[PDB]
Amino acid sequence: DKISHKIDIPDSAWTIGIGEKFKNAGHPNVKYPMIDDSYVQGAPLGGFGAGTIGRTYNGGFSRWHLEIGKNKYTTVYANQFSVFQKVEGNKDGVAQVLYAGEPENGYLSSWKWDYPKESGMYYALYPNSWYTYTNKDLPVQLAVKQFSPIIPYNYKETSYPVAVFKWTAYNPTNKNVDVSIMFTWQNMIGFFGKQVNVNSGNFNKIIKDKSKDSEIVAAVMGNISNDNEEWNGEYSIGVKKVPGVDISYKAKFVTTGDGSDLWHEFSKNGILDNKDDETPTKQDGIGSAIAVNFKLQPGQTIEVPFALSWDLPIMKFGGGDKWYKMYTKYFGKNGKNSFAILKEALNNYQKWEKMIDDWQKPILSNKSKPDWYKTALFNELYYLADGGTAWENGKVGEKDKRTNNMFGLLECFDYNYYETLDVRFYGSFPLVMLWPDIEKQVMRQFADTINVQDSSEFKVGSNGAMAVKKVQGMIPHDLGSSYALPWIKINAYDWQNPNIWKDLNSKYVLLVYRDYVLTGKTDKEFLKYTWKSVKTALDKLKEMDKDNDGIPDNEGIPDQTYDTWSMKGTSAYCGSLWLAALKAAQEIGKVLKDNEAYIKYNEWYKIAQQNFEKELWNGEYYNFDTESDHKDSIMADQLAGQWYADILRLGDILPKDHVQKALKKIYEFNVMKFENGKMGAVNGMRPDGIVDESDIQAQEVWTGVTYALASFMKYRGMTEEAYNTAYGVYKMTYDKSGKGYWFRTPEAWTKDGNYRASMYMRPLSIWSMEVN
């Protein structure tokens, strides 16, 4: 490994061997079908709302999120980087696909598959990832850095459907070596969302941009149709000329053949035929290839950038709506703009790298923080782009343009709901902290639904009863499903009735006030916009106080985010959120000079606080609730209200002494008595030190709950406990001794390490650990 010298991989990058087999991998622990794509994953490529592509540590383009809101795991074998090398003086060179595996479908038999084991490494620190190739049969050593310009406080490049592949090659040997690097790509028009003749009309064209000192050669892979089908658009791959490198190309090879049309050229001397052919295909799949060839002298280094773009301008959801994706604002909507996107990337990638560096460096250079923490903090952000993210720039065939661009991130793929608010309470820290204009947009979207009334009925999954879809004054669980109508038809979720949840309205208010606080307490307009919805939300919750203790009553069913775990009476969880929400609304009242509201919420808070304290404080911790069989369980999340109050600078809603004791209890029990504190905080433990069996969710660790708990610990000066607590989640996710959930962090696991709901929004809450 002489190539690690020649590139700058941060020490805190997640790392694994190319072709490594992992033995310990967890699987779903539920009886219903649940996604399990295996541990062969990697950092995603693609911007917010662009659709993302998961290129795994083995080199394959395998996890396809190009259809917005869907997860399709399948390796498109034609999509690869390959290398040719010939030592000066030898008769023959060698050619190798940089993929640790081979096709399962008979095609491309001529290519050299099965990249050997123990011959290179994969590294990731999102949005960056790297491959190193250190192969006894490749005298020139190779590395690539790949990324998308995911950049905080930037809403432009961050939207781009583009990836850069920055290659470094170095000759440590005593003889000259001829090297070729070749990028192949399948014309994947028709791969998603086309019912018949999936390849029909696909054609490929080569663009040579000869602008002086900025020469680019690219393939554009599209379709003859100029219609605006949601499957239509273009892919582009290409390369920028650098001194000392020659470019070659092949416009059209058949992907549904043996591959020799291309490979007989590449394997001979690493130079392609440069054959252009714009003839559309009918049945056969087709692809394009871009290569560079160069001679490396002893001790010489060369750097050459490739790029990939995809212009798929329209997203269609199952309910029929068709929307333009955000990046269309910058490149156009007609689906014929792949080359422009690619070119912007090839000409600006260095600037993008520095912008990413500028953002990561304050954290990476902080020598007080361990490497594992950094690994998790950055790599958890994968989900922001990878979470079925929808970001619209107009409905298709809309006359009126709007000022606003609606956004949504999925709960997960198994539970296909946009912006599940009970979850985003945890999972939206990165958006408020790094892309706050999106965050405020999302919360305006929630404000606008408060008073929506939809009197149509639905069957509640848990119990069979009928219920009203949306009630005036009750915040929605979610903003729809990719299978239906995102943003238009809310409350796609039906497992419980969210119109009687006791956490949604409180969390809504807490999120509003959070978003004001963590954007510098200057955005009075946002408070004005949301003020009425805040008062409605709290006033409707007050009415669910059946027993006149000043606090909404849990109703002996799962009426909150723990949607199989029944709460009854006053709960620590919903009770503390309520206290915190009342305190936040008082503060908003002071800010907006609304004396009537200040007085009302202050009075409500004083009564509720005293009653909460008297009903739940047992002298060690706050009981789970007042009326359950399991009322004295120790709930990891029992003081969620106070956690938020710390972030929102609302002071003590509960006495400092009691908080400290509760947190110590949770660490001693829920953490340290659960598999020795190596796997997070189990949600419910009995006071005798055995896990609560009342419901599966009590027996689960929730990744997003544990990261949030860790931040609460940290704010309260329990530094060791905080990081020890978080460490278990890191360990399970990323470590060789864990369960193999990198780039698919799940909601939850049980004691045995098996999981529920991979690729989940809630653990983005690790960013609460960075709160200033």
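Numbering starts at 1 and runs along the sequence shown. For the two forms, the rigid core is made up of the largest set of C-alpha atoms that agree within 1.5 Å on superposition.
Looking at 211-219 and 198-206, the one farther from the shown form in 7 other deposited structures of this protein by average CA distance, after a rigid core fit, turns out to be 211-219.
Using the rigid core as the fitting frame, the root mean square C-alpha deviation in 7 other deposited structures of this protein is greater for 224-232 than for the other of 580-588 and 224-232. Across the other entries compared, at least a third leave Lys399 without coordinates even though the residues on each side are present. Of the two segments, 122-130 and 660-668, the one listed with the higher mean B-factor is 660-668 (C-alpha atoms only). In this entry, the higher average B-factor at the C-alpha atoms falls on 538-546, of the pair 538-546 and 285-293.
Set against one another, the Cα B-factors of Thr168, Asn505, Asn416, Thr403 in the record reach their highest point at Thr403.
When the Cα B-factors of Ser482, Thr626, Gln360, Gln85 are read from the PDB record, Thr626 comes out highest. Placement of the Cα temperature factor of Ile9 within the chain: highest third of the modelled residues, per the deposited record. Looking at the C-alpha B-factors along this chain, the one for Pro172 belongs to the highest third. When all modelled residues of the chain are sorted by CA temperature factor, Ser758 is found within the lowest third.
When the CA B factors of the chain's modelled residues are split into thirds, the value for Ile647 lands in the middle one. When the CA B factors of the chain's modelled residues are split into thirds, the value for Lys374 lands in the lowest one.
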